[PDB]
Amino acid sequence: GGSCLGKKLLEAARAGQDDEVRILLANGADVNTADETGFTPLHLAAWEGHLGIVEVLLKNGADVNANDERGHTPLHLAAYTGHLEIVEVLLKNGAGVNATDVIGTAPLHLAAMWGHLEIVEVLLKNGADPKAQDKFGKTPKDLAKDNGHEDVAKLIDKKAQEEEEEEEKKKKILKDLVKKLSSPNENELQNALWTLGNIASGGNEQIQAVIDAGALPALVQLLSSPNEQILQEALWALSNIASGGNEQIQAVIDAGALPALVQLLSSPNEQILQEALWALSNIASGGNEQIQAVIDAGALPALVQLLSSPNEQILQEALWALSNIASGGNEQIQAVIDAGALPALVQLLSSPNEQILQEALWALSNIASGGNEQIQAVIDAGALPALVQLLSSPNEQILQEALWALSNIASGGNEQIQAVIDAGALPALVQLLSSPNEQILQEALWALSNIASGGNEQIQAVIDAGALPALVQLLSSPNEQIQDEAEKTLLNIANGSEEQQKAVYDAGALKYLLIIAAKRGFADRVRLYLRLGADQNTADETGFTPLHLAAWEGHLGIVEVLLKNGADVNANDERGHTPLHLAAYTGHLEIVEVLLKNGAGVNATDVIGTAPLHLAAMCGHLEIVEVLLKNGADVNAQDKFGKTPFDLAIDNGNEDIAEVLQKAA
């Protein structure tokens, strides 16, 4: 792997060697790479028309809908050329048939710009919008007119005409099904009632079609039906509508459904009660004002009263509904607190039912996501002792939800953070930093970082819990998100007193923090760790130094800062590679010059006798080859396989580099 590996893929596709494309991926690297014009090897392969390249590029796992600087997709390039048997291979594996660029045109906008035949047949079968125009204002049917070719434009307007007919047949059927919701025949009513609800179970656009047909007022009136079977199916339909976007939720609200749903919370029929809770929970998944409409309808006292229900299944639904309400802003969260939910929620944390336990943890987690006085209300209700006890639960999902609730509480002020510490949470949190579950690892790491962002007393309690050795050890985790959050935690701890800052460095963190900063790219953090005493020449078990990393990643600023602090310019890893090797292989010209300026060995050979000229000549880095020769690179050096840099440029097809080498020899 390397920036050398995915170098000629870009021009192998633009040329058209199935073989060279094949060997460029054979070892395994980046299937879709970068480009000056944001392109990928899939784009140029479909532009030139090499079918043997677009198919091999996706069977290994790439991306069919890659965008450039203008938004062009492989489908957009497969339609400008007119290649059919290259279009459907993209349509087969999920490609944007209506993908939009910065121009606004579509593949069928440009398929009719040149007037292409059979490629329009397959995009229309896959649902290509012919009615959506670009930003110029000329539809695909219109661009075929201006081109002077009305061959497939007739097929464009028929599909558009058939699209207009089918959308009006749907509106005709939907309106008649809504009419049948008023039928005195209950069989005809339920047949229409189930049909509409089933349609409303589909996508968000099918929900809008049911709304646009005027079904909501009839469904709300059916909520007072004496037929409980009709009432249940009407609840099911409204619940399906309320599962869509916020606009569809608001239409259910504006239809006056909430007062009927609140009243249905007192139903003795537990199936109807479960459906009403279903509908209210979906409405409370909306925005803050839609959650408030549920509150203003008086749903909270019934929900809090449902928390004492003997039916454990109904109890899970009421918890689900309360959890969504508490997902709103502080005004909505405070309404749940004022309704008296916290005493019942804390009591439910002692339930032997693990499913009720998770649903109760969710509600507390969202209530604890509010302001400091809302968090304090959770603390005052006695949730912390139960939450800490749940950290020793064998169920990893209950453990993950308890960590989430503790993280939300620890996001408040120092008084709330100190309450978490006083409940004995830090030992369990520090112990969970050794969990094999990586999701539990991050959740415990999130909680510690919020605690570590408190006062010096809260920082000191984190240190006294033995967090520093485990946090330092997490800096070497393969997960970079864990490295970053453990870095943030150690930075918050370092922002305390000078003694606390010294304890982070006596734990040996500067060695691994410098390694992280050398890979990420921001040089001021590299300056920070160096200034604070990080050894610039410390190598890994592989012998990789910070100067190796930035040269491999291409961070010129970090490379210069490290060299200014006495970094060994010719440091070797266990393979004999110097930073000059890594920069000449990845193709970073400026870094190669800076290293040579600071005395990097131009003719250093690794274990297998590879010199930097071998890597640059192998990878097509023409400018780097020229720079190496200026500094006295040996043109006649041979690796252990008897290959000169001129030989490697020939075995890779880099004729421009081969010409320079054969005459510089």
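Numbers for residues come from their place in the sequence shown, where the first is 1.
Trainee: Take the C-alpha B-factors listed in the entry for 40-48 and for 628-636, compute each mean, and give the stretch with the larger one.
Mentor: Going by the record's values, the stretch with the higher mean is 40-48.
Trainee: In the PDB record, does 67-75 or 529-537 carry the higher mean Cα temperature factor?
Mentor: Between 67-75 and 529-537, it is 67-75.
Trainee: Sorting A604, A616, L596, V54 by Cα temperature factor from the record, which one lands on top?
Mentor: Top of the list by C-alpha B-factor: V54.
Trainee: Highest CA temperature factor in the entry: which of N240, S266, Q334, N93?
Mentor: It is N93.
Trainee: Ranking the modelled residues of this chain by C-alpha B-factor as given in the entry, is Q458 in the lowest, middle or highest third?
Mentor: Lowest third.
Trainee: Lowest, middle or highest third: which one holds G412 when the chain's residues are ordered by CA B-factor from the entry?
Mentor: As the PDB entry reports it, the C-alpha B-factor of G412 lands in the middle third of its chain.
Trainee: Lowest, middle or highest third of the chain for the C-alpha temperature factor of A257?
Mentor: According to the entry, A257 has a C-alpha B-factor in the chain's lowest third.
Trainee: Compared with the other modelled residues in the chain, in which third is the CA B-factor of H577?
Mentor: For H577, the deposited C-alpha B-factor lands in the lowest third.
Trainee: Please rank the C-alpha B-factors of the chain's modelled residues and tell me whether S323 sits in the lowest, middle or highest third.
Mentor: It falls in the bottom third of the chain.
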